[PDB]
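**Student:** Have a look at this one before I ask anything.
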Amino acid sequence: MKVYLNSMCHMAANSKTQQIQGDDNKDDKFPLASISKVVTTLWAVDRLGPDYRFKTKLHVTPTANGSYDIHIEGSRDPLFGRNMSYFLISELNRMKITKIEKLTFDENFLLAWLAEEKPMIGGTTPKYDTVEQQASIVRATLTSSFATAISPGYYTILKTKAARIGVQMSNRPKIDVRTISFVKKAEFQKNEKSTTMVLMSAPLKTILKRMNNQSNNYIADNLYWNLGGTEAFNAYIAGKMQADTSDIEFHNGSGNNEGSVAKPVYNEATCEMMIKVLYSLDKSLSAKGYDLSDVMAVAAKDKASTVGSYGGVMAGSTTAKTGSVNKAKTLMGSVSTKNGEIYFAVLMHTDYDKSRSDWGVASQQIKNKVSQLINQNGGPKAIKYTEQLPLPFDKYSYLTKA
């Protein structure tokens, strides 16, 4: 690979002028890769708030034969796949539901079994043209995965993690489901003897922490669509930053290639816009009592993240999001130094076709530049942070009768 710097820039968090320091390319657009996910994080924090929960509702009606019909009124929870399903099945059994006759769901019930795994973390997030096409696929996933025997290995890994955050799950959960179909919200009205039960996701801050630890494309793309997509994003950023297409041009929430191999399309912005995003996201989280480390990964301390391997002066001092696509490798976040907290962004150009004997070049240049920033500012100052365990649910997610 051959590499060169597109731009690097930075700003003290307490600057009274909010002038951004950096090279002469700091106001030129460059591909962002997954540092796009911090922009989606800021939009989601501003629109929904860090303590927002996706409230998926189950409408449960007893049946004549002693079982239940259940209709899922979806919430567009963007992290509802295998692990939330396992928790839901545990919770159904805790609520004495073991057999379902008719399971139906609406167009806001988004289910992607592998949402937190390969290949959805790094894949092209499915984009459906109609709700019927989406639901065809959700029905198939409910039939093949939700309704069939639970994997003992994945389930016991989840249950042990859930216990660490104070959530109870049963040892041998099991559900039987007779029939599964799509019912649009406009075609659903509850039965007279139905009980509504609410399954809340973990708070948005936790969903964002998991996304920004893993670099999860599925979660990022579905948050961006849920908030209105590109037309809504462009208006949000024009109203928030007085920015326009010359500052920032997005097409999806993840930063992944949104086009074809021969016509690729990547989110782009200027380095200065990345600093203004971080300043605004830090300000919105502080108003709710949170820090960037509540939604972004901490070097070394978040071992289940793309910066768990980072060491040196960044370990424990630096909160940051990585990105990589064919032509760009990027990093942005904050460094905590003896002279205070400093926002930064580093945007590198990569060419993988050349000098194939050379690898890890852009990553190591970025680490060296960020380390230098910390050291010019008196060295690292450890932040206050305990490694989080961000699962799709928490101890307030239990099914609860409304």
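Ligands are numbered from 1 in the order shown, chains are lettered A, B, ... in the order of the structure tokens, and residues start at 1 in each chain.
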What's around residue 348 in chain A at 9 Å? Count only C-alpha atoms, leave out sequence neighbours fewer than 4 positions away in its own chain, and write the answer as an MDAnalysis selection string.
**Tutor:** chainID A and resid 3:8 30 327:331 362:363 365:366
**Student:** Just to be explicit: take each residue in the selection above, keep C-alpha atoms, and write the result as a short mmCIF file (atom, residue, chain, number, x, y, z; two decimals), in the first residue's frame.
**Tutor:**
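Printed below is out-v6.cif as written:
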```
data_model
loop_
_atom_site.label_atom_id
_atom_site.label_comp_id
_atom_site.auth_asym_id
_atom_site.auth_seq_id
_atom_site.Cartn_x
_atom_site.Cartn_y
_atom_site.Cartn_z
CA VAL A 3 -0.28 6.40 1.67
CA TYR A 4 -0.42 10.13 1.98
CA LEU A 5 -2.14 12.58 4.35
CA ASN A 6 -5.39 14.20 3.20
CA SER A 7 -5.74 16.35 6.30
CA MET A 8 -5.38 16.43 10.08
CA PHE A 30 -12.43 13.69 1.74
CA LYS A 327 -9.10 4.86 -0.61
CA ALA A 328 -9.20 6.16 2.91
CA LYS A 329 -8.17 5.32 6.41
CA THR A 330 -9.43 7.68 9.10
CA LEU A 331 -9.65 8.24 12.87
CA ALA A 362 -1.77 4.33 7.23
CA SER A 363 -2.70 2.93 10.63
CA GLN A 365 1.00 7.00 10.58
CA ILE A 366 -2.33 7.85 12.27
#
```
**Student:** Go through range 119-323 of chain A and collect every residue that DSSP, computed from the backbone, puts in helix (DSSP H, G or I); the answer should be as JSON, numbers by chain.
**Tutor:** {"A": [131, 132, 133, 134, 135, 136, 137, 138, 139, 140, 141, 142, 143, 144, 145, 146, 152, 153, 154, 155, 156, 157, 158, 159, 160, 161, 162, 163, 164, 185, 186, 187, 204, 205, 206, 207, 208, 209, 210, 211, 212, 213, 214, 217, 218, 219, 220, 221, 222, 223, 224, 225, 226, 229, 230, 231, 232, 233, 234, 235, 236, 237, 238, 239, 240, 241, 271, 272, 273, 274, 275, 276, 277, 278, 279, 280, 281, 282, 283, 284, 285, 286, 292, 293, 294, 312, 313, 314]}
**Student:** Mind listing the strand (DSSP E or B) residues of range 86-316 of chain A, per DSSP on the backbone, as a PDB file with N, CA and C atoms, in the first residue's frame?
**Tutor:**
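So part38.pdb came out as:
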```pdb
ATOM      1  N   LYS A  99     -46.025 -21.484  23.732  1.00  0.00           N
ATOM      2  CA  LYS A  99     -46.581 -21.864  22.439  1.00  0.00           C
ATOM      3  C   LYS A  99     -47.356 -20.693  21.877  1.00  0.00           C
ATOM      4  N   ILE A 100     -47.039 -20.386  20.630  1.00  0.00           N
ATOM      5  CA  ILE A 100     -47.724 -19.342  19.886  1.00  0.00           C
ATOM      6  C   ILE A 100     -48.410 -19.991  18.681  1.00  0.00           C
ATOM      7  N   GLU A 101     -49.693 -19.615  18.493  1.00  0.00           N
ATOM      8  CA  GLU A 101     -50.445 -20.044  17.331  1.00  0.00           C
ATOM      9  C   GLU A 101     -50.095 -19.134  16.164  1.00  0.00           C
ATOM     10  N   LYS A 102     -50.689 -17.938  16.082  1.00  0.00           N
ATOM     11  CA  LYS A 102     -50.395 -17.015  14.992  1.00  0.00           C
ATOM     12  C   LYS A 102     -49.456 -15.945  15.502  1.00  0.00           C
ATOM     13  N   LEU A 103     -48.249 -15.898  14.933  1.00  0.00           N
ATOM     14  CA  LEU A 103     -47.334 -14.812  15.198  1.00  0.00           C
ATOM     15  C   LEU A 103     -47.394 -13.873  14.009  1.00  0.00           C
ATOM     16  N   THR A 104     -47.731 -12.609  14.231  1.00  0.00           N
ATOM     17  CA  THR A 104     -47.705 -11.647  13.131  1.00  0.00           C
ATOM     18  C   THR A 104     -46.847 -10.466  13.531  1.00  0.00           C
ATOM     19  N   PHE A 105     -46.476  -9.659  12.546  1.00  0.00           N
ATOM     20  CA  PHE A 105     -45.610  -8.497  12.838  1.00  0.00           C
ATOM     21  C   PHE A 105     -45.857  -7.441  11.773  1.00  0.00           C
ATOM     22  N   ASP A 176     -42.631 -22.598  20.624  1.00  0.00           N
ATOM     23  CA  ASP A 176     -43.124 -23.283  19.447  1.00  0.00           C
ATOM     24  C   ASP A 176     -44.065 -22.260  18.773  1.00  0.00           C
ATOM     25  N   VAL A 177     -43.946 -22.129  17.469  1.00  0.00           N
ATOM     26  CA  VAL A 177     -44.766 -21.166  16.714  1.00  0.00           C
ATOM     27  C   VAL A 177     -45.426 -21.861  15.528  1.00  0.00           C
ATOM     28  N   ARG A 178     -46.757 -21.770  15.431  1.00  0.00           N
ATOM     29  CA  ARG A 178     -47.459 -22.512  14.375  1.00  0.00           C
ATOM     30  C   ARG A 178     -47.420 -21.811  13.027  1.00  0.00           C
ATOM     31  N   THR A 179     -47.776 -20.509  12.977  1.00  0.00           N
ATOM     32  CA  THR A 179     -47.936 -19.808  11.705  1.00  0.00           C
ATOM     33  C   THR A 179     -47.366 -18.400  11.869  1.00  0.00           C
ATOM     34  N   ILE A 180     -46.722 -17.867  10.818  1.00  0.00           N
ATOM     35  CA  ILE A 180     -46.029 -16.560  10.892  1.00  0.00           C
ATOM     36  C   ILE A 180     -46.455 -15.778   9.688  1.00  0.00           C
ATOM     37  N   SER A 181     -46.936 -14.553   9.878  1.00  0.00           N
ATOM     38  CA  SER A 181     -47.291 -13.715   8.700  1.00  0.00           C
ATOM     39  C   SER A 181     -47.141 -12.230   8.976  1.00  0.00           C
ATOM     40  N   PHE A 182     -47.011 -11.466   7.911  1.00  0.00           N
ATOM     41  CA  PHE A 182     -46.923 -10.026   7.973  1.00  0.00           C
ATOM     42  C   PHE A 182     -48.325  -9.427   8.030  1.00  0.00           C
ATOM     43  N   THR A 195     -53.525  -8.421  25.721  1.00  0.00           N
ATOM     44  CA  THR A 195     -52.674  -7.717  26.666  1.00  0.00           C
ATOM     45  C   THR A 195     -51.485  -7.167  25.908  1.00  0.00           C
ATOM     46  N   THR A 196     -51.162  -5.903  26.111  1.00  0.00           N
ATOM     47  CA  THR A 196     -49.995  -5.337  25.484  1.00  0.00           C
ATOM     48  C   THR A 196     -48.785  -5.461  26.397  1.00  0.00           C
ATOM     49  N   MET A 197     -47.710  -6.049  25.880  1.00  0.00           N
ATOM     50  CA  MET A 197     -46.479  -6.177  26.659  1.00  0.00           C
ATOM     51  C   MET A 197     -45.359  -5.446  25.938  1.00  0.00           C
ATOM     52  N   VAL A 198     -44.557  -4.695  26.677  1.00  0.00           N
ATOM     53  CA  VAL A 198     -43.539  -3.826  26.052  1.00  0.00           C
ATOM     54  C   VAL A 198     -42.196  -4.413  26.325  1.00  0.00           C
ATOM     55  N   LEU A 199     -41.408  -4.548  25.246  1.00  0.00           N
ATOM     56  CA  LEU A 199     -39.989  -4.963  25.331  1.00  0.00           C
ATOM     57  C   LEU A 199     -39.157  -3.771  24.964  1.00  0.00           C
ATOM     58  N   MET A 200     -38.484  -3.145  25.912  1.00  0.00           N
ATOM     59  CA  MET A 200     -37.689  -1.935  25.558  1.00  0.00           C
ATOM     60  C   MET A 200     -36.259  -2.406  25.243  1.00  0.00           C
ATOM     61  N   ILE A 248     -20.155  18.813   3.655  1.00  0.00           N
ATOM     62  CA  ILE A 248     -20.483  17.453   4.061  1.00  0.00           C
ATOM     63  C   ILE A 248     -21.472  16.884   3.101  1.00  0.00           C
ATOM     64  N   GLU A 249     -21.212  15.668   2.554  1.00  0.00           N
ATOM     65  CA  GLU A 249     -22.137  15.068   1.572  1.00  0.00           C
ATOM     66  C   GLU A 249     -22.291  13.629   1.936  1.00  0.00           C
ATOM     67  N   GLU A 268     -18.499  11.969   2.292  1.00  0.00           N
ATOM     68  CA  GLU A 268     -17.311  12.821   2.391  1.00  0.00           C
ATOM     69  C   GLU A 268     -17.601  14.020   3.256  1.00  0.00           C
ATOM     70  N   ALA A 269     -16.588  14.551   3.939  1.00  0.00           N
ATOM     71  CA  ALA A 269     -16.767  15.820   4.611  1.00  0.00           C
ATOM     72  C   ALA A 269     -15.367  16.430   4.792  1.00  0.00           C
ATOM     73  N   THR A 270     -15.337  17.658   5.304  1.00  0.00           N
ATOM     74  CA  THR A 270     -14.053  18.252   5.630  1.00  0.00           C
ATOM     75  C   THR A 270     -13.626  17.883   7.052  1.00  0.00           C
ATOM     76  N   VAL A 298     -13.066   3.539  23.727  1.00  0.00           N
ATOM     77  CA  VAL A 298     -11.863   4.068  24.434  1.00  0.00           C
ATOM     78  C   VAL A 298     -10.702   3.162  24.136  1.00  0.00           C
TER      79      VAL A 298
END
```
**Student:** Quote the spacing between CA of residue 112 in chain A and CA of residue 32 in chain A in Å to one decimal place.
**Tutor:**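 Value for the CA of residue 112 in chain A-CA of residue 32 in chain A distance: 25.8 Å.
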**Student:** When you look at residue 53 in chain A with a cut-off of 9 Å (counting only C-alpha atoms), what residues show up, excluding the ones that are within fewer than 5 positions of it in the same chain? I need them as a ChimeraX atom specification.
**Tutor:** /A:48,77,200-204
**Student:** Which distance in Å separates CA of residue 264 in chain A and CA of residue 131 in chain A, to one decimal?
**Tutor:**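 Calculated distance between CA of residue 264 in chain A and CA of residue 131 in chain A is 26.5 Å.
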**Student:** If you count only C-alpha atoms, which residues fall within 10 Å of residue 229 in chain A, apart from same-chain ones fewer than 6 positions away, as an mmCIF file with N, CA, C and O atoms, in the first residue's frame?
**Tutor:**
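What follows is the written file result.cif:
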```
data_model
loop_
_atom_site.group_PDB
_atom_site.id
_atom_site.type_symbol
_atom_site.label_atom_id
_atom_site.label_comp_id
_atom_site.auth_asym_id
_atom_site.auth_seq_id
_atom_site.Cartn_x
_atom_site.Cartn_y
_atom_site.Cartn_z
ATOM 1 N N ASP A 221 -26.659 2.291 9.399
ATOM 2 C CA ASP A 221 -27.496 2.569 8.247
ATOM 3 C C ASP A 221 -28.954 2.607 8.640
ATOM 4 O O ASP A 221 -29.727 3.431 8.124
ATOM 5 N N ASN A 222 -29.345 1.708 9.545
ATOM 6 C CA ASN A 222 -30.760 1.750 9.957
ATOM 7 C C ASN A 222 -31.103 2.944 10.876
ATOM 8 O O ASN A 222 -32.192 3.488 10.727
ATOM 9 N N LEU A 223 -30.165 3.436 11.686
ATOM 10 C CA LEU A 223 -30.454 4.690 12.425
ATOM 11 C C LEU A 223 -30.662 5.851 11.434
ATOM 12 O O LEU A 223 -31.593 6.645 11.548
ATOM 13 N N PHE A 250 -23.436 13.276 2.528
ATOM 14 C CA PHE A 250 -23.722 11.930 2.986
ATOM 15 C C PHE A 250 -24.717 11.216 2.061
ATOM 16 O O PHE A 250 -25.599 11.861 1.460
ATOM 17 N N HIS A 251 -24.635 9.897 2.020
ATOM 18 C CA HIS A 251 -25.554 9.048 1.311
ATOM 19 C C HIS A 251 -26.060 7.896 2.145
ATOM 20 O O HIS A 251 -26.987 7.178 1.732
ATOM 21 N N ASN A 252 -25.410 7.647 3.273
ATOM 22 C CA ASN A 252 -25.838 6.579 4.190
ATOM 23 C C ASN A 252 -25.268 6.860 5.568
ATOM 24 O O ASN A 252 -24.482 7.794 5.783
ATOM 25 N N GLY A 253 -25.661 6.051 6.527
ATOM 26 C CA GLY A 253 -25.229 6.338 7.919
ATOM 27 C C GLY A 253 -23.893 5.698 8.250
ATOM 28 O O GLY A 253 -23.279 6.114 9.207
#
```
**Student:** At a cut-off of 8 Å, using only C-alpha atoms, what residues contact residue 174 in chain A? Leave out same-chain residues fewer than 3 positions from it and give the result as a PyMOL selection string.
**Tutor:** chain A and resi 89-90+93+98+149-150
**Student:** Keeping only C-alpha atoms, write the selected residues as a JSON list (two decimals), in the first residue's frame.
**Tutor:**
```
[["chain", "number", "residue", "atom", "x", "y", "z"],
["A", 89, "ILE", "CA", -37.86, -15.94, 24.08],
["A", 90, "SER", "CA", -36.55, -16.15, 27.68],
["A", 93, "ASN", "CA", -41.28, -18.18, 28.87],
["A", 98, "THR", "CA", -44.35, -21.30, 25.47],
["A", 149, "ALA", "CA", -34.10, -24.59, 18.63],
["A", 150, "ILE", "CA", -31.81, -22.06, 20.24]]
```
**Student:** Excluding residue 1 in chain A and its own-chain neighbours fewer than 3 positions away, which residues fall within 10 Å of it when counting only C-alpha atoms? Please give them as a short mmCIF file (atom, residue, chain, number, x, y, z; two decimals) with C-alpha atoms, in the first residue's frame.
**Tutor:**
```
data_model
loop_
_atom_site.label_atom_id
_atom_site.label_comp_id
_atom_site.auth_asym_id
_atom_site.auth_seq_id
_atom_site.Cartn_x
_atom_site.Cartn_y
_atom_site.Cartn_z
CA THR A 350 -4.62 4.74 0.76
CA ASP A 351 -3.68 3.04 -2.46
CA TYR A 352 -3.58 -0.77 -2.00
CA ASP A 353 -2.50 -1.52 -5.56
CA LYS A 354 1.03 -0.07 -4.99
CA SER A 355 4.12 -1.09 -3.00
CA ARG A 356 2.50 -4.31 -1.92
CA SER A 357 5.41 -5.16 0.33
CA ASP A 358 4.23 -2.31 2.62
CA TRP A 359 1.38 -2.86 5.00
CA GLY A 360 -0.14 -1.20 8.06
CA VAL A 361 1.23 2.09 6.78
CA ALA A 362 -1.77 4.33 7.23
#
```
**Student:** Produce a table with one row for each residue of range 139-219 of chain A that has an atom at most 10 Å from any atom of range 299-312 of chain A, each row naming the nearest atom pair and its distance in Å at one decimal; use only C-alpha atoms; arrange rows by chain and rising residue number; format as a Markdown table.
**Tutor:**
```
| residue | atom | partner | partner_atom | distance |
| --- | --- | --- | --- | --- |
| A:209 | CA | A:305 | CA | 9.6 |
| A:210 | CA | A:305 | CA | 8.5 |
| A:211 | CA | A:305 | CA | 9.4 |
| A:212 | CA | A:305 | CA | 7.8 |
| A:213 | CA | A:305 | CA | 4.2 |
| A:214 | CA | A:305 | CA | 5.4 |
| A:215 | CA | A:306 | CA | 7.5 |
```
**Student:** Given the choices A:373, A:165, A:220, A:64, which gets closest to residue 256 in chain A if the distance is worked out from only C-alpha atoms?
**Tutor:** A:220
**Student:** Might you pull out every residue within 12 Å of residue 73 in chain A, with only C-alpha atoms counted and same-chain residues fewer than 3 positions away left off, and present them as a PDB file with N, CA, C and O atoms, in the first residue's frame?
**Tutor:**
```pdb
ATOM      1  N   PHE A  54     -36.096   2.033  22.216  1.00  0.00           N
ATOM      2  CA  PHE A  54     -37.022   1.500  21.205  1.00  0.00           C
ATOM      3  C   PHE A  54     -37.967   0.526  21.904  1.00  0.00           C
ATOM      4  O   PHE A  54     -37.561  -0.507  22.405  1.00  0.00           O
ATOM      5  N   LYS A  55     -39.241   0.903  21.880  1.00  0.00           N
ATOM      6  CA  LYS A  55     -40.259   0.140  22.652  1.00  0.00           C
ATOM      7  C   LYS A  55     -41.031  -0.756  21.716  1.00  0.00           C
ATOM      8  O   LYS A  55     -42.067  -0.360  21.152  1.00  0.00           O
ATOM      9  N   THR A  56     -40.558  -1.981  21.591  1.00  0.00           N
ATOM     10  CA  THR A  56     -41.251  -2.945  20.735  1.00  0.00           C
ATOM     11  C   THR A  56     -42.459  -3.484  21.507  1.00  0.00           C
ATOM     12  O   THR A  56     -42.366  -3.767  22.709  1.00  0.00           O
ATOM     13  N   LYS A  57     -43.649  -3.509  20.908  1.00  0.00           N
ATOM     14  CA  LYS A  57     -44.835  -3.897  21.666  1.00  0.00           C
ATOM     15  C   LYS A  57     -45.381  -5.222  21.184  1.00  0.00           C
ATOM     16  O   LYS A  57     -45.412  -5.458  19.963  1.00  0.00           O
ATOM     17  N   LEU A  58     -45.737  -6.123  22.100  1.00  0.00           N
ATOM     18  CA  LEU A  58     -46.313  -7.408  21.747  1.00  0.00           C
ATOM     19  C   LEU A  58     -47.760  -7.345  22.184  1.00  0.00           C
ATOM     20  O   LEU A  58     -48.047  -7.041  23.343  1.00  0.00           O
ATOM     21  N   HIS A  59     -48.651  -7.706  21.281  1.00  0.00           N
ATOM     22  CA  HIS A  59     -50.098  -7.741  21.584  1.00  0.00           C
ATOM     23  C   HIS A  59     -50.461  -9.178  21.686  1.00  0.00           C
ATOM     24  O   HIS A  59     -50.414  -9.944  20.726  1.00  0.00           O
ATOM     25  N   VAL A  60     -50.756  -9.623  22.895  1.00  0.00           N
ATOM     26  CA  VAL A  60     -50.877 -11.056  23.197  1.00  0.00           C
ATOM     27  C   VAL A  60     -52.318 -11.427  23.535  1.00  0.00           C
ATOM     28  O   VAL A  60     -52.911 -10.860  24.474  1.00  0.00           O
ATOM     29  N   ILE A  70     -49.783 -13.697  18.932  1.00  0.00           N
ATOM     30  CA  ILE A  70     -48.990 -12.557  19.279  1.00  0.00           C
ATOM     31  C   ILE A  70     -48.785 -11.716  18.026  1.00  0.00           C
ATOM     32  O   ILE A  70     -48.302 -12.254  17.008  1.00  0.00           O
ATOM     33  N   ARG A  76     -38.791  -0.197  15.112  1.00  0.00           N
ATOM     34  CA  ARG A  76     -37.580   0.059  14.306  1.00  0.00           C
ATOM     35  C   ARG A  76     -36.275  -0.032  15.111  1.00  0.00           C
ATOM     36  O   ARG A  76     -35.264   0.578  14.743  1.00  0.00           O
ATOM     37  N   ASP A  77     -36.292  -0.772  16.220  1.00  0.00           N
ATOM     38  CA  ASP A  77     -35.033  -1.050  16.944  1.00  0.00           C
ATOM     39  C   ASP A  77     -34.007  -1.560  15.980  1.00  0.00           C
ATOM     40  O   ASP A  77     -34.258  -2.484  15.227  1.00  0.00           O
ATOM     41  N   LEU A 103     -48.249 -15.898  14.933  1.00  0.00           N
ATOM     42  CA  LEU A 103     -47.334 -14.812  15.198  1.00  0.00           C
ATOM     43  C   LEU A 103     -47.394 -13.873  14.009  1.00  0.00           C
ATOM     44  O   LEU A 103     -47.124 -14.307  12.888  1.00  0.00           O
ATOM     45  N   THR A 104     -47.731 -12.609  14.231  1.00  0.00           N
ATOM     46  CA  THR A 104     -47.705 -11.647  13.131  1.00  0.00           C
ATOM     47  C   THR A 104     -46.847 -10.466  13.531  1.00  0.00           C
ATOM     48  O   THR A 104     -46.469 -10.303  14.707  1.00  0.00           O
ATOM     49  N   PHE A 105     -46.476  -9.659  12.546  1.00  0.00           N
ATOM     50  CA  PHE A 105     -45.610  -8.497  12.838  1.00  0.00           C
ATOM     51  C   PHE A 105     -45.857  -7.441  11.773  1.00  0.00           C
ATOM     52  O   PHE A 105     -46.265  -7.759  10.645  1.00  0.00           O
ATOM     53  N   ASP A 106     -45.517  -6.216  12.132  1.00  0.00           N
ATOM     54  CA  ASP A 106     -45.726  -5.105  11.194  1.00  0.00           C
ATOM     55  C   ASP A 106     -44.449  -4.613  10.521  1.00  0.00           C
ATOM     56  O   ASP A 106     -43.372  -5.219  10.679  1.00  0.00           O
ATOM     57  N   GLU A 107     -44.586  -3.540   9.754  1.00  0.00           N
ATOM     58  CA  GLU A 107     -43.503  -3.064   8.905  1.00  0.00           C
ATOM     59  C   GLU A 107     -42.426  -2.336   9.675  1.00  0.00           C
ATOM     60  O   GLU A 107     -41.370  -1.998   9.120  1.00  0.00           O
ATOM     61  N   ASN A 108     -42.611  -2.160  10.978  1.00  0.00           N
ATOM     62  CA  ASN A 108     -41.543  -1.517  11.782  1.00  0.00           C
ATOM     63  C   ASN A 108     -40.777  -2.540  12.637  1.00  0.00           C
ATOM     64  O   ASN A 108     -39.859  -2.149  13.362  1.00  0.00           O
ATOM     65  N   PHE A 109     -41.131  -3.810  12.516  1.00  0.00           N
ATOM     66  CA  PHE A 109     -40.362  -4.861  13.173  1.00  0.00           C
ATOM     67  C   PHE A 109     -39.208  -5.262  12.298  1.00  0.00           C
ATOM     68  O   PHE A 109     -39.377  -6.029  11.328  1.00  0.00           O
ATOM     69  N   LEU A 110     -38.052  -4.685  12.569  1.00  0.00           N
ATOM     70  CA  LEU A 110     -36.801  -4.963  11.779  1.00  0.00           C
ATOM     71  C   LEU A 110     -36.052  -6.037  12.508  1.00  0.00           C
ATOM     72  O   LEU A 110     -35.818  -5.977  13.701  1.00  0.00           O
ATOM     73  N   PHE A 182     -47.011 -11.466   7.911  1.00  0.00           N
ATOM     74  CA  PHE A 182     -46.923 -10.026   7.973  1.00  0.00           C
ATOM     75  C   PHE A 182     -48.325  -9.427   8.030  1.00  0.00           C
ATOM     76  O   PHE A 182     -49.219  -9.799   7.233  1.00  0.00           O
ATOM     77  N   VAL A 183     -48.511  -8.513   8.989  1.00  0.00           N
ATOM     78  CA  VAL A 183     -49.756  -7.709   9.051  1.00  0.00           C
ATOM     79  C   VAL A 183     -49.326  -6.255   9.216  1.00  0.00           C
ATOM     80  O   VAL A 183     -48.730  -5.863  10.256  1.00  0.00           O
ATOM     81  N   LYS A 184     -49.613  -5.412   8.203  1.00  0.00           N
ATOM     82  CA  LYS A 184     -49.248  -3.997   8.321  1.00  0.00           C
ATOM     83  C   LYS A 184     -49.962  -3.338   9.469  1.00  0.00           C
ATOM     84  O   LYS A 184     -51.074  -3.723   9.837  1.00  0.00           O
ATOM     85  N   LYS A 185     -49.358  -2.292   9.985  1.00  0.00           N
ATOM     86  CA  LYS A 185     -49.904  -1.587  11.100  1.00  0.00           C
ATOM     87  C   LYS A 185     -51.343  -1.127  10.780  1.00  0.00           C
ATOM     88  O   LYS A 185     -52.200  -1.218  11.638  1.00  0.00           O
ATOM     89  N   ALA A 186     -51.602  -0.614   9.561  1.00  0.00           N
ATOM     90  CA  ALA A 186     -52.951  -0.136   9.250  1.00  0.00           C
ATOM     91  C   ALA A 186     -53.960  -1.276   9.206  1.00  0.00           C
ATOM     92  O   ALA A 186     -55.165  -1.016   9.277  1.00  0.00           O
ATOM     93  N   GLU A 187     -53.529  -2.512   9.099  1.00  0.00           N
ATOM     94  CA  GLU A 187     -54.406  -3.690   9.116  1.00  0.00           C
ATOM     95  C   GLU A 187     -54.458  -4.412  10.450  1.00  0.00           C
ATOM     96  O   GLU A 187     -55.045  -5.495  10.556  1.00  0.00           O
ATOM     97  N   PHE A 188     -53.818  -3.816  11.464  1.00  0.00           N
ATOM     98  CA  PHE A 188     -53.843  -4.421  12.783  1.00  0.00           C
ATOM     99  C   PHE A 188     -54.636  -3.560  13.763  1.00  0.00           C
ATOM    100  O   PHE A 188     -54.322  -2.365  13.981  1.00  0.00           O
ATOM    101  N   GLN A 189     -55.646  -4.171  14.368  1.00  0.00           N
ATOM    102  CA  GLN A 189     -56.261  -3.589  15.563  1.00  0.00           C
ATOM    103  C   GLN A 189     -56.361  -4.688  16.599  1.00  0.00           C
ATOM    104  O   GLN A 189     -56.719  -5.820  16.260  1.00  0.00           O
ATOM    105  N   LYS A 190     -56.012  -4.353  17.844  1.00  0.00           N
ATOM    106  CA  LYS A 190     -55.934  -5.402  18.837  1.00  0.00           C
ATOM    107  C   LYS A 190     -57.281  -6.052  19.169  1.00  0.00           C
ATOM    108  O   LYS A 190     -58.377  -5.467  19.008  1.00  0.00           O
ATOM    109  N   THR A 196     -51.162  -5.903  26.111  1.00  0.00           N
ATOM    110  CA  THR A 196     -49.995  -5.337  25.484  1.00  0.00           C
ATOM    111  C   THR A 196     -48.785  -5.461  26.397  1.00  0.00           C
ATOM    112  O   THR A 196     -48.849  -5.047  27.587  1.00  0.00           O
ATOM    113  N   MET A 197     -47.710  -6.049  25.880  1.00  0.00           N
ATOM    114  CA  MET A 197     -46.479  -6.177  26.659  1.00  0.00           C
ATOM    115  C   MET A 197     -45.359  -5.446  25.938  1.00  0.00           C
ATOM    116  O   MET A 197     -45.234  -5.515  24.753  1.00  0.00           O
ATOM    117  N   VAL A 198     -44.557  -4.695  26.677  1.00  0.00           N
ATOM    118  CA  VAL A 198     -43.539  -3.826  26.052  1.00  0.00           C
ATOM    119  C   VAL A 198     -42.196  -4.413  26.325  1.00  0.00           C
ATOM    120  O   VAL A 198     -41.853  -4.728  27.491  1.00  0.00           O
ATOM    121  N   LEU A 199     -41.408  -4.548  25.246  1.00  0.00           N
ATOM    122  CA  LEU A 199     -39.989  -4.963  25.331  1.00  0.00           C
ATOM    123  C   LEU A 199     -39.157  -3.771  24.964  1.00  0.00           C
ATOM    124  O   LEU A 199     -39.126  -3.416  23.787  1.00  0.00           O
TER     125      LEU A 199
END
```
